[PDB]
Every structure is written in C-alpha cells, then in structure tokens.
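To start, the structure under review is shown below, and the notes come after it.
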C-alpha cells in the first residue's frame, strides 16, 4: 500500500500458489528405432505426380539428425519450431517425398500455388510439420540429359489438400480422349532437365514433407525421454504424450470409452486424462491458488498480523508451509494455531472466541476479527419482550440527538490534455 | 535517440496503443464514478429540499429519530448535515382499553391511539406521555356496546 | 485467467504495468460495496428480538412467516419456497482462475434479521426505529395503521373476524401463487442469470484464439522456441486482457445498477416496514396497511399488506 | 459495421471469439430496458 | 453433461433418402457420385453388403480403393483396378463359399494395401427379422478417408426407422485419391439372387450441430442448426 502507517482492516495483497514437488513424465512402453536413416537417406526417389507417403509409427524419434548437420539446404518448419520438437509424442507421422527443380521450393508453403505446385502437389493451411529439402546435384544431375522423371502441367482445375493424380490422361479442354499430337490435344507430361553445370534453379532438389498427424490415437512416435512413476494426491508437473502442465492427480470415477485419450469438462478444460500404461486418472490441475489478505490491527496499537488464505482447506496450507512450498515464502513466519471454518479458508494467527463481539473486521463468511481474536459475530443485542395484552409502554422523557450525516456532492473536477 | 525509421513506428504504436487504452480506462471509470456521485448529489439535493427547507415525515430518511430540524454545513467536495432528531428513551407499563363503553355504545378515542385505561383515567398521545381528561370532545359516537375488548365507564 | 501459468508469459504480463492490481482493486471494491449493500438493507435493527412463539393474535396468524422451532431450519416456509424457486446456472477447485467469494452476512443470519424484523413488526409497538418498542398488541397497531389511510377506527374492531379471515386467505393465496407459478420472481433470476452469462462468457473467451496459432497456452509452448513465440503470447495476453477488462467494466456497471436497487430496498424497508409510508404507489398498490420483509437468494422480497376498496354506490352531495 | 463485407475478413472476425454476440446481447438488453422504462412511466393505468 | 456446438460435415436431419430396395427382380448396383462424403445403411441378414469401390472414372486409369471382406477379415487395397460392369460375390445358398472372388483383375502402379484384424463374420442366406444393420459414414477430409461404424437391432417391414444411433471412429486412411463416383458390392446367391434386403444412401452438408452429452459420456440427443428457426434458436 506504499506507507508506513497502515490503517485497520483486511487489505488485499499478492496471490499464493503451491509450487509443485514431483515430476511425472508418462510415455508408452513402446521403444523402437525409426527408419529415418532410410527415408531421409535412400537411393530411389519418385517424381512429383507419384509422391510416396510412408507410414512411420511405433518408434522413438531422435530429432537430432535434422539439426547437427549442414547437409540440408532448406530446413524451414511451418507448424512447429526447431529446438523443442522432441518434447511431443506424435501419432502416425507421414513422410512425403518428391524431386523438383531449384525454383519450385519457393512454391512449397501453405498457399502460393503458382505454376507447378498447384497441378502436382497441394499443401493444406493448418496441418503442417516441417518441409525439408536438400541439394542432390551430384547424383541425379547428368549434363547429357536425365529425361527419366516427369510431372504434369495441364489439368482441369486445382487440387484439394493432400490429393494425388498419377493417371496419364490425354488432356483436352472438352473431355475428349484424343489422338495426340493433333491440334488442341497435347500431353500433360513434361521432363525436368537436371543438368550438371546449369543454373542453381535447374539443379535437382529432394523435397521431404514431414506431415505431423497430431495425436489421433494413443501416441506411438516419441522422443528420447524417460517415463517415470506416478505421484497421486500431490502437486507435481506433467509431461504426457501430448500434454504438459501442473496438477494434483487422483483416481477417477469415469466411464471412459476405449477409443479415447483425453477427458475435457463441461467448459473446455482438461480435468481428467488416460495414462499411457492402463490407468484413467483425474486431473485437478489447480493444486492451490487464491489470494492472501493480511488482517492487521493498525500499526498504532499493535503490529501482529494474521494471513487469510482464501480458497484452501488447511491441509495443503500446513503441508505447504512446513515443507516450504508457497510462492509468498516468508522468512519470519510460523504456524502455531490454525482457525478453519466458514469456507473462506485458512486463517493463520488467530484464536476462536465463543464470546461474540461487534464485528470489527469482516473475514469472509460470518467470522470477524478484532484487537488477535477471530470469533464468529454478535449480530446484535439479543432481546425478548413481554408480549401480553393491554399493558403498553409510553415514553415519558426524551432527548435531542443531533446526529451527523455525510453526503458527497462533487468529486474532483479533472481534465486531460490528450496530446501530452 | 537510438531509433531511425519505420521500425521506430512499431515501438511508438505500441506505446500509443497502451497509453490510449489506459487513458480510455481512466475516462470510463471516472464516468462511472460520476454516475455514482451524481446519484449521491441527487440524494443530497433531495435531503436539503426535504429536511432543511421543511420537516420530512418519512421515516429514517433525514435522521434516525423523528427529525425536528436540519442544518447544512459545507465540506471539502461534499456536504455534511446535522439532523436534529427526537429520540424518546424511557418506558413505563400502563394498561389500556381499545374502546370506552359509557352508556351502552362504544367510544373510540381520536384516531390517535391509546386510550389510557390505567384504571380508567385518561386518554394520551401515541409518543409523549400526556394525559387528557375524558370528555365527549376527546371521543365520538361509534355503534353499540357489542364490539369492544376493554371497558371504561362514566365518561362525564 | 490471463496467462495460465508458465514462467515467461508472466514477464510479458509484467511488461503491461499494473493492470492486474487495478482489476483486483476494482473487484475487491465491488465485493466491499455488496457487503455494504447487505448491511444497509437488512441490518437496521440494533435490538434483535425473539420470535414470540404464540403466532395467533385476533386471527392474524403468522404461520409460514415467522420461523418455527419444530422444523430443523430457522427460516419460515415462504422463505423456503423462495429459496427453492431460484435455480442456479470442502472448497471448490477450478483452474479458470475465477472464483466466487462467500458473502459476509450468512444466510441463516439473514433469516435471523428478517425474523427479527417481522417479530418486531408484529410485536414490539409502532415506535420501532426511534427507540426500541412499545408492547402494542397488534390489534392496536392495525387500528393505528387505519389512521394513515383516511379511515376511522370503526373499521377494524367492527370487522375483526372478517379482516382476520381476509388476511389469512391472502397469505394462503400467496402460498398458492408462489409454488406452482412462473416468471413472477423474475428479477432475482435475471440477476443470477446475468452473472452466470457474464462469467460463462468469460470462460468462453478463454476458449477462443485472438489471432495466435492455437488458443491455449502450454500447447503452443511445445512447438515454439523464441521471440516469434512472444508475438503469439502478446496476442493472447492482449486479447484475454481486453476480455477481462470488458468483464470488470460491465460488472462495475451492474454493481451501480444493483446498488441503486439496494438503496431502493433500504428505503422501502425503512419506510414501509418500520412505519407506514403515505406516499402513493411506492410501497404497494393500495394504501399500504402493513409491510413484511422476507429473505431471498441475492435479494429481498416484501409482502405489502395494502388496502383496496372495491364497491361503488352513487350518492348526491 | 466491423468488416464491411467480403469473405475472409469475416474469418478474421471469427478469430476474435464471440464479441459480436456480446455487443448484440448488450444492445438488445438496452432496448428491452428502454421498453420497460416507457412501460413503467406511462402504463400505470389499468382502466383507460 | 455439456452441449458442444461444432461445425463438421454431418448428415442433415429429416433430409432425403435415396433408397435402393433390391429384390430378385431388381438388381440395385448403379454408380453413385460421391460429392463430399456420404451416409450408408443396410438392413441385412448375415452381412451381404460388404464392398465399396470408391473411384474417379470407374475404370483402369482411375486410382480407386476397395473395402471388402474375405469372410474372415477386412481387406483394403488401393491401386489401378480394371472395374467391370458387374463384379459379384458368388455366395452359395446351402454353404456360402465365395469361390469366385474375381475383383482384383489386374494391378499396376499400386500404392496401398491394408489388412485389418480378423473377426467372426456370417455370409450365407438367412431370413426373418432385420437384425443386422450397419450404419456407416464415408467421409472425406484433408485428403484422408474416414469410415465410422454403429449398430442397432431393428424389426421394420421395409422402411428406415426413426431414432438416434451414435457412430464410432474405426478407420482413417492416408490415401488421397480423387473420389468422384463410386459403387457398392453385393452378393449373388446360387442365376444371381438376394433376399428381401435393402441399402440406403444419404448425403452430407457442412452445418452446425448441438450434441447433448449425458453424464456417462454418450450422445442422447443432437439438434441441427440450419433445419428450423426453432432449431437455430435451440443451438443459439
């Protein structure tokens, strides 16, 4: 409150939260080594109109051969970033490979179809991983002519995302299976022109598209982590197959369907999960939070305070302080007494009083402090009147009681120069 | 000092947007405080036109008692009243009759309750104890002597 | 609410100044003003009386209005109907960041205040307010309330049994017209539904993107690396901060409207209940013979005993 | 008012959540409260 | 126990049904256009309606997929397929042995083959109530192929009964082929033959739905938005 003198009352202050103690990482027990030494390093690579889609699953990916190497020409990721790629577990990663010139890599992005990357290989706009391309001018490029690998440049319309056509159709603007090379009947095929001492844009590149099918199953492909044990009923951290966070885990009462992995609530929050090694536990990720609020007597009569933890049950608070877990971690602070009723939370530094007083300081729900004590409340002077018939009290003497009453009429007349 | 060109305009747009949101927040919250303070100002004008300029019989509005007088005083950014009230604090225990049956027909007092049947003596006011002698001026003809609860005779 | 929790998003939040302190001060001020509202309306009794446990005075019986010790609850039955009517839309533990603090004045203590008010209305005289009581036997009270109405005293003592039966049948028709009926408790349901719609709208604004890649923290925090991430987190913080600031401003306006209604309620309980307010069509609809407060979920419900004369002759003058 | 009309600006508007629904609810509530104001002031006569 | 508005390709309520009531006089197996995901159902007796040929021009130069059964297991192969005017299942009447599964005529430039988990399956001719009832959704999205499944035992004379039936996500495929026209495959009893059974077709449409989950985690009611003004009021 930026003062030395502090007046009497509950004042709001900072927010407490239990720092997590354990660390729980849970991956499935599937351990295997990926074919990345084969799909990224192969001898035969197809053309663009017959791009190959390899299912890579039930593995543990390294995600380090892609980084500690300058062999790769263009390593541009779209949906993810580089360094934290081995922190996730995917499901059925698919590798899409094809061979183009040095010019078509500029047309490989979400959007920007252009010339060649529209009729031949269409990308989506959301579901993307990383697009990898490296130069192979010393294998495929022959200076006398490599007329082996082809593409298409005449098709009636565009493609949907991840759609492929191999069918060598005798292209014509009105259907019309033709007999080419008749007029207005051309072929859709065309060669590449991979030469040795040609320009950089005419050199062969091998483009590999790593589609990341994000978690449509219990996950198979993972990174090199270490699956640890579970710690229930204690605030820990997370790293599940596709989920991190911070939580208090507990066994559930669910009716969880077998095809399923996540358990979100009525209003879109996680609230329950499925362990990758046959368990279905809830996720109360609010370990504890709230806000402390210091009850003070007023710094002119006393200087002993009492903290009101607001949304707790005085078991996480005592365990959190005696094991030093809270974020407003003090230095001179202990817990001898702990008043807890009236669910507005823990009240460290107070005493129950049966003799209810006139509610100096309003703690939460009913309970009121003073002086420090924490009683409930004296709602007023208790009374009971003799209510028989005809006897009637008339006042006989009186007084005059000039009582003040304060009304504000006009606050501070301000103005703002909104150019300075 | 350490900026040159349009990269600077990103920084200045961030600062202008933030300070403009803060100033707009200030203007909105001052406007809400002005609504609350003009509600209190209308209460103050109402109290100064009821309490000060007359005697406002509505209960627990001007003061706490029965509001005998009222005196306005100035204040920094406000007004402070001084409600001269009337608090009666003593109590006796006298008996009553809700009627008087003198000659064979009931007498209700003055609408203006508590006939004083303290052994059938007087008729007083509602608030301050003030006995008056029972005559026909202090009562009126009312029906017959069939609907009473208490009984008083010899209204002379 | 803003910035779910990691480490660095908190630094990006601290680089917007002290908006979190502003919003906490504003919402704590709103909570204190609502505590003041409940103290202004109900706590007008210094001298809390006891229920007289007789509850039958000339036929004016206060069954289902004054509480009963034979039942376990310290309410009354009309209060039980009003508590059952208003639906809603250990300690709770949810990671919205949001909460609902418990009110200060407890619901049983609210029912104690209302039972004290009704008992001091029925017993305890008419000078209630400026003083303590007078020990007036409640037929003399409504004989006095027949004098701020422009009728004589001949009405009540000559129609004792008739007015008693009309009063009891009026209370019983209230007991009928509260149970199986409909929207005529609508203001309290509008308060609860508007608060629930505002809070569910805030939770719904958590669900949405504000122009980033994905609409949730800790799942973008897998596939991000560095300062390009700070663009996304600044978009999410700016959007959630505008939504939370919109919520705080609209709750502050609702608090202004609800404290205007609270000042109306305190005015009606100090005019109608604690006396007889002769101003026309303010307390009830008739000429306002009595008034009885009752508790309610997040409100108050009066029972204005009025006086409606309905027959007509044609006399000359 | 926002986003005059094309096709894609509407997608950019839907990527800000349900603010349009909030503003329509608030303005319809204001309209209903002003109807209630005119009913409260004038319509105090049952028997015209 | 929630209500979840989602925009996704579903079947609209109350809409039109292209019913194919095949009998011993009516041989129902035409070519049908695909048109962005279909619905399917079939009131059957011992699983006649295995077979779906999702093609482009329904010939040798059309990359197509085939989802059939070899009476033991689901076999899914996608390649260039010489599609004939009537590929048929020679199911015998006393036994039920497909001696002449003649579907894979030739194969070149093949790109896919999948064989799922084997399970119990009946083939031969039965009669009585319409106990067997598939309900499938053959959905296209992001180049994939989606195939769902759900069951309901009914006893109807010849129509499609009214009632909700939730479906569950069995298959997903990485294929990516230009599915414009398709067919189904039936069984020719043994002169061909079927029993009094039929199969249905509905088309999908991208509109918003309000799914009412129960406390156990199962849809008990769904409400379309674009059907009725009361229906958009319900999902609003």
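So for chain E, numbering is Swiss-Prot's, and the shown residues are 50-239, 244-289, in order.
Including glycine, each Cβ sits where the backbone N, Cα and C put it.
The N-linked glycosylation site feature in Swiss-Prot is assigned to E:65 (among others). Taking the Cβ of residue E:65 (N-linked glycosylation site) as reference, residues of its chain lying under 8 Å away and at least six apart in sequence are, in sequence order, E:255. DSSP assigns residue E:65 (N-linked glycosylation site) to coil, not to a helix or a strand.
Residues annotated as N-linked glycosylation site in Swiss-Prot: E:73 (among others). Cβ environment of residue E:73 (N-linked glycosylation site): E:246, E:247 lie under 8 Å away, each six or more residues apart in the same chain. Reduced to three states, the DSSP call for residue E:73 (N-linked glycosylation site) is coil.
Within 10 Å of the C-beta of residue E:109 (N-linked glycosylation site) there are 14 other C-beta atoms, taking all protein chains into account. For the recorded site, residue E:109 (N-linked glycosylation site), the DSSP three-state label reads coil. Annotated N-linked glycosylation site per Swiss-Prot: E:109 (among others), in sequence order, evidence recorded as sequence analysis.
Counting only residues at least six positions away in the same chain, the Cβ atoms of E:96, E:99, E:124, E:170 sit under 8 Å from the Cβ of residue E:118 (N-linked glycosylation site). According to Swiss-Prot, the feature N-linked glycosylation site maps to E:118 (among others), an assignment based on sequence analysis.
The N-linked glycosylation site annotation in Swiss-Prot covers E:119 (among others). According to DSSP, residue E:119 (N-linked glycosylation site) sits in a coil region rather than a helix or strand.
Counting only same-chain residues six or more apart in sequence, the Cβ atoms lying under 8 angstroms from the Cβ of residue E:159 (disulfide bond) belong to E:126, E:127, E:128, E:129. Summarising the annotation, Swiss-Prot assigns disulfide bond to E:128-E:159 (among others) and lists sequence analysis as the type of evidence.
Positions annotated as N-linked glycosylation site by Swiss-Prot, on the basis of sequence analysis: E:158 (among others). When Cβ atoms from all protein chains are considered, those within 10 Å of residue E:158 (N-linked glycosylation site) total 12, not counting its own.
Annotated N-linked glycosylation site per Swiss-Prot: E:227 (among others), in sequence order, evidence recorded as sequence analysis. Under the three-state DSSP scheme, residue E:227 (N-linked glycosylation site) falls in the coil class. Within the same chain, the residues at least 6 positions away from residue E:227 (N-linked glycosylation site) whose Cβ sits under 8 Å from its Cβ are E:105, E:112, listed in sequence order.
The N-linked glycosylation site feature in Swiss-Prot is assigned to E:269 (among others); the stated evidence is sequence analysis. Around the Cβ of residue E:269 (N-linked glycosylation site), 11 further Cβ atoms fall within 10 Å across all displayed protein chains.
Residue E:278 (disulfide bond) counts 18 other C-beta atoms within 10 Å of its own C-beta, drawing on all protein chains shown. According to Swiss-Prot, the feature disulfide bond maps to E:278-E:288 (among others).
Same-chain residues at least 6 positions away in sequence with a Cβ under 8 Å from that of residue E:288 (disulfide bond) are, in sequence order, E:54, E:261, E:262, E:263, E:276, E:277, E:278. Near residue E:109 (N-linked glycosylation site), with the C-alpha within 10 Å of its C-alpha, lie none of the glycosylation sites E:119, E:158, E:269. Proximity to chain A (Cβ-Cβ distance under 8 Å) holds for the following recorded positions out of E:119, E:158, E:159, E:227, E:269, E:288: E:158, E:227, E:269. If you take the Cα of residue E:269 (N-linked glycosylation site) and the Cα of residue E:119 (N-linked glycosylation site), they are about 37 angstrom apart, rounded to a whole number. A distance of 23 Å separates the Cα atom of residue E:119 (N-linked glycosylation site) from that of residue E:158 (N-linked glycosylation site).
Residue E:128 (disulfide bond): 17 other CB atoms within 10 A of its CB, across all protein chains. In this view, residue E:119 (N-linked glycosylation site) is surrounded by 13 other Cβ atoms within 10 Å of its Cβ, with every protein chain counted. Secondary structure at residue E:128 (disulfide bond), as computed by DSSP, is strand.
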